[PDB]
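**Q** experimental coordinates follow, after the sequence.
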Amino acid sequence: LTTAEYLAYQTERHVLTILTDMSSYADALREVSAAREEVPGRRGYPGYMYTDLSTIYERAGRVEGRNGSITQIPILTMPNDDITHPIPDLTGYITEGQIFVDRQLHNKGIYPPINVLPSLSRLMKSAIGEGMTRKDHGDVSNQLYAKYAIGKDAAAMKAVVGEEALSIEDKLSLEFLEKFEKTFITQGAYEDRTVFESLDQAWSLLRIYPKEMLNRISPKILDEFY
Amino acid sequence: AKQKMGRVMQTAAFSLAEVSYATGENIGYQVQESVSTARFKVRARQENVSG
């Protein structure tokens, strides 16, 4: 973070630090705290872990005077895959948004095992704008999230009510879920997808629907892109 | 189907009355006598309607 602060603010460049194993950092903080004869907090971790993680995280951000920026992707390792764990809880409190990697997705397929239902970005609306990237980004992403949720619901409902009894909007949603978890999310470890190419692929998946089915997308965007 | 079955039952009763009038006697006894085997049979089919 000191190197990022230097580069971004005294050099006017964008950084995007990627801190790995915040769980390992928290364990290191645990050992440093307990070496000073201090009682452990809730889950053994020091009570001031919130303050320390707040310093480490909030060391990032944009400033008015300088043209640089410090984005941050602190990559945690949730013990026992528990969100109620102190490190995930404090990180969710301090940071804005969260990206989840799913064990079910990892078992089912290949990189990246990221599920979109529990993963969201709080300042997404600012990044996905009109002048920056494309004007259809927000509508496409919202539509994809809604149809992925409906696809998961239909996949659960198929084994309950039979495949035939599913509605048209459920069969199409199941097909979209298959082509989504298998072609859109599924990305090679070395292949690079620009934002525009990713949006084009998202539209390619979204075109299996009738134009009336896509409800979250604005009518102008539907007329121009679909 | 209940309405249609009522209408069909009325039509069949009228047809049976006409047939009995044409024959001059009730064919019920003859039908009962010739009831050795049933020509009409119904086989159950396990259709999958919804779940």
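**A** Nice, thanks for sending it over. Residues are numbered from 1 along each chain as shown, chains lettered A, B, ... in the order given.
**Q** span of stretch A:127-145 from start to end?
**A** 17 Å (Cα to Cα, to the nearest Å).
**Q** residues from chain B in reach of chain A?
**A** Within chain B, the positions lying close to chain A (Cβ under 8 Å from any Cβ of the partner chain) are B:48, B:49, B:50, B:51. The C-beta positions use only the backbone N, C-alpha and C, and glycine is treated the same way.
**Q** for residue A:125, grab the count of nearby residues.
**A** 10 (other Cβ atoms under 10 Å in any protein chain shown).
**Q** same question, residue A:106
**A** Residue A:106 has 14 nearby residues by other Cβ under 10 Å.
**Q** element containing it?
**A** helix A:103-108 (DSSP states H and E).
**Q** now for that helix, which elements pack on it?
**A** With contacts taken as 3 or more Cβ pairs under 8 Å, 6 or more residues apart in numbering or on different chains; DSSP states H and E, helix A:103-108 sits against strand A:114-120.
**Q** for the longest helix seen in chain A, buried residues please.
**A** When chain A is scanned for its longest helix (criterion: DSSP state H), the result is helix A:137-161. Buried positions in helix A:137-161, judged by neighbour count with 16 or more other Cβ atoms under 10 Å in any protein chain shown: A:137-141, A:143-144, A:147-148, A:150-152, A:154-155, A:157-158.
**Q** what about the strands in chain A?
**A** A:98-101, A:114-120 (DSSP state E).
**Q** helices or strands up against the longest one?
**A** Meaning strand A:114-120. strand A:98-101, helix A:103-108, helix A:137-161.
**Q** that older thread, and the residues of chain B next to chain A as CSV, adding secondary structure?
**A** Below are the residues of chain B next to chain A laid out as CSV (DSSP: H, G, I helix; E, B strand; the rest coil):
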residue, secondary structure
B:48, coil
B:49, coil
B:50, coil
B:51, coil
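**Q** what does the helix holding residue A:106 rub up against?
**A** Here helix A:103-108 makes contact (Cβ atoms under 8 Å, 6 or more residues apart in numbering or on different chains) with A:81, A:113, A:114, A:115, A:181, A:185.
**Q** out of the residues you listed, who's nearest chain B?
**A** Among the contacts of helix A:103-108, residue A:181 lies closest to chain B (Cβ to the nearest Cβ), at 24.9 Å.
**Q** hang on, that closest one packs against residue A:109?
**A** Yes. Counting by Cβ atoms under 8 Å, residue A:181 touches residue A:109, with 6.7 Å between them.
**Q** residue A:130 versus residue A:69, what's the distance?
**A** Residue A:69 sits 20 Å away from residue A:130, taking Cβ to Cβ, to the nearest Å as the criterion.
**Q** look at those two and report which has more neighbours.
**A** For residue A:69 versus residue A:130, neighbours defined as other Cβ under 10 Å are more numerous around residue A:69 (17 against 10).
**Q** isn't the more buried one up against residue A:17?
**A** No. Applying Cβ under 8 Å, one finds residue A:69 not in contact with residue A:17, separated by 10.7 Å.
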